Every structure is written in C-alpha cells, then in structure tokens.
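Peer 1: Please read through the structure below; I'll follow up with questions.
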Amino acid sequence: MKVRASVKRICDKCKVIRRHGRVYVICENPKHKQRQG
Ligand SMILES: [Zn+2]
C-alpha cells in the first residue's frame, strides 16, 4: 500500500505510528487522524 501522502504530526497530541510498512497519525484531535498510504 503506497499513496502520495506524508501524514505528519500537527499539534502536541498526534503520534505517528509504524506498522506493516504503513504509518498512522493518531491524536486526541480528530482533525489529525491520518495514516500514510
Ligand atoms: Zn494533534
């Protein structure tokens, strides 16, 4: 899975996760819930 997206942290609550060659962006703020790929 690959997409032209580079989910980066936005505020002091988002965290970039690392999984099967995949990445996620989870945060208390729902506006920062992103995921690479
Ligand atoms: Zn955030």
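Residues are named by chain letter and number: chains run A, B, ... in the order of the structure tokens, numbers start at 1 in each chain, and ligands are numbered from 1 in the order shown.
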Residue 26 (chain A): which residues within 12 Å, counting only C-alpha atoms, same-chain residues fewer than 3 positions away excluded, as a PyMOL selection string?
Peer 2: chain A and resi 7-18+23+29-36
Peer 1: Take the residues that were just selected and, keeping N, CA and C atoms, output them as a PDB file, in the first residue's frame.
Peer 2:
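Dumped everything to again_0.pdb:
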ATOM      1  N   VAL A   7       1.619  11.825   6.099  1.00  0.00           N
ATOM      2  CA  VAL A   7       0.979  12.227   7.385  1.00  0.00           C
ATOM      3  C   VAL A   7       2.027  12.653   8.413  1.00  0.00           C
ATOM      4  N   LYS A   8       2.015  13.902   8.763  1.00  0.00           N
ATOM      5  CA  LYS A   8       2.984  14.417   9.773  1.00  0.00           C
ATOM      6  C   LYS A   8       2.215  14.919  10.993  1.00  0.00           C
ATOM      7  N   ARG A   9       2.814  14.884  12.155  1.00  0.00           N
ATOM      8  CA  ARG A   9       2.085  15.362  13.366  1.00  0.00           C
ATOM      9  C   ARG A   9       1.667  16.820  13.165  1.00  0.00           C
ATOM     10  N   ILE A  10       0.565  17.205  13.739  1.00  0.00           N
ATOM     11  CA  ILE A  10       0.082  18.604  13.590  1.00  0.00           C
ATOM     12  C   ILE A  10       0.235  19.359  14.911  1.00  0.00           C
ATOM     13  N   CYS A  11      -0.415  18.899  15.950  1.00  0.00           N
ATOM     14  CA  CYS A  11      -0.296  19.591  17.266  1.00  0.00           C
ATOM     15  C   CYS A  11       0.517  18.738  18.242  1.00  0.00           C
ATOM     16  N   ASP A  12       0.498  19.088  19.495  1.00  0.00           N
ATOM     17  CA  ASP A  12       1.293  18.328  20.511  1.00  0.00           C
ATOM     18  C   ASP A  12       0.546  17.083  20.998  1.00  0.00           C
ATOM     19  N   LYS A  13      -0.381  16.579  20.231  1.00  0.00           N
ATOM     20  CA  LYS A  13      -1.137  15.369  20.679  1.00  0.00           C
ATOM     21  C   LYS A  13      -1.120  14.263  19.616  1.00  0.00           C
ATOM     22  N   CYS A  14      -0.738  14.559  18.398  1.00  0.00           N
ATOM     23  CA  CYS A  14      -0.724  13.481  17.360  1.00  0.00           C
ATOM     24  C   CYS A  14       0.541  12.632  17.483  1.00  0.00           C
ATOM     25  N   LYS A  15       0.437  11.372  17.158  1.00  0.00           N
ATOM     26  CA  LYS A  15       1.616  10.464  17.234  1.00  0.00           C
ATOM     27  C   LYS A  15       1.698   9.629  15.955  1.00  0.00           C
ATOM     28  N   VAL A  16       2.838   9.616  15.316  1.00  0.00           N
ATOM     29  CA  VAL A  16       2.986   8.821  14.064  1.00  0.00           C
ATOM     30  C   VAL A  16       3.307   7.360  14.415  1.00  0.00           C
ATOM     31  N   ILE A  17       2.423   6.455  14.079  1.00  0.00           N
ATOM     32  CA  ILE A  17       2.652   5.012  14.398  1.00  0.00           C
ATOM     33  C   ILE A  17       3.375   4.323  13.241  1.00  0.00           C
ATOM     34  N   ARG A  18       3.970   3.188  13.498  1.00  0.00           N
ATOM     35  CA  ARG A  18       4.685   2.446  12.418  1.00  0.00           C
ATOM     36  C   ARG A  18       4.204   0.994  12.386  1.00  0.00           C
ATOM     37  N   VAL A  23       2.105   3.603   8.109  1.00  0.00           N
ATOM     38  CA  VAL A  23       2.248   4.565   9.240  1.00  0.00           C
ATOM     39  C   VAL A  23       0.891   5.188   9.553  1.00  0.00           C
ATOM     40  N   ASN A  29      -7.022  15.173  18.952  1.00  0.00           N
ATOM     41  CA  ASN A  29      -7.793  15.977  17.971  1.00  0.00           C
ATOM     42  C   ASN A  29      -8.174  15.082  16.785  1.00  0.00           C
ATOM     43  N   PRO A  30      -9.447  15.021  16.489  1.00  0.00           N
ATOM     44  CA  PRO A  30      -9.919  14.171  15.366  1.00  0.00           C
ATOM     45  C   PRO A  30      -9.423  14.718  14.026  1.00  0.00           C
ATOM     46  N   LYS A  31      -9.147  15.989  13.952  1.00  0.00           N
ATOM     47  CA  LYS A  31      -8.657  16.565  12.665  1.00  0.00           C
ATOM     48  C   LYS A  31      -7.257  16.038  12.331  1.00  0.00           C
ATOM     49  N   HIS A  32      -6.580  15.433  13.278  1.00  0.00           N
ATOM     50  CA  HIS A  32      -5.202  14.920  12.995  1.00  0.00           C
ATOM     51  C   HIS A  32      -5.203  13.394  12.828  1.00  0.00           C
ATOM     52  N   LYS A  33      -6.350  12.776  12.669  1.00  0.00           N
ATOM     53  CA  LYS A  33      -6.363  11.290  12.493  1.00  0.00           C
ATOM     54  C   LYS A  33      -6.036  10.931  11.035  1.00  0.00           C
ATOM     55  N   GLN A  34      -4.776  10.832  10.703  1.00  0.00           N
ATOM     56  CA  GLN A  34      -4.399  10.483   9.296  1.00  0.00           C
ATOM     57  C   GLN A  34      -3.636   9.159   9.271  1.00  0.00           C
ATOM     58  N   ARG A  35      -3.251   8.713   8.107  1.00  0.00           N
ATOM     59  CA  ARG A  35      -2.488   7.438   8.005  1.00  0.00           C
ATOM     60  C   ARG A  35      -1.770   7.369   6.653  1.00  0.00           C
ATOM     61  N   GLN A  36      -0.472   7.224   6.673  1.00  0.00           N
ATOM     62  CA  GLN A  36       0.299   7.166   5.393  1.00  0.00           C
ATOM     63  C   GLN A  36      -0.161   5.976   4.544  1.00  0.00           C
TER      64      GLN A  36
END
Peer 1: Output as a list in words all residues of chain A that backbone DSSP marks as strand (DSSP E).
Peer 2: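 Put together, the selection reads residues 15, 16, 17, 18, 23, 24, 25, 26, 34, 35 and 36 of chain A.
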Peer 1: Which residues, written as an MDAnalysis selection string, have at least one atom at most 10 Å from residue 2 (chain A), with only C-alpha atoms counted and residues fewer than 6 positions away on the same chain left out?
Peer 2: chainID A and resid 21:22 36:37
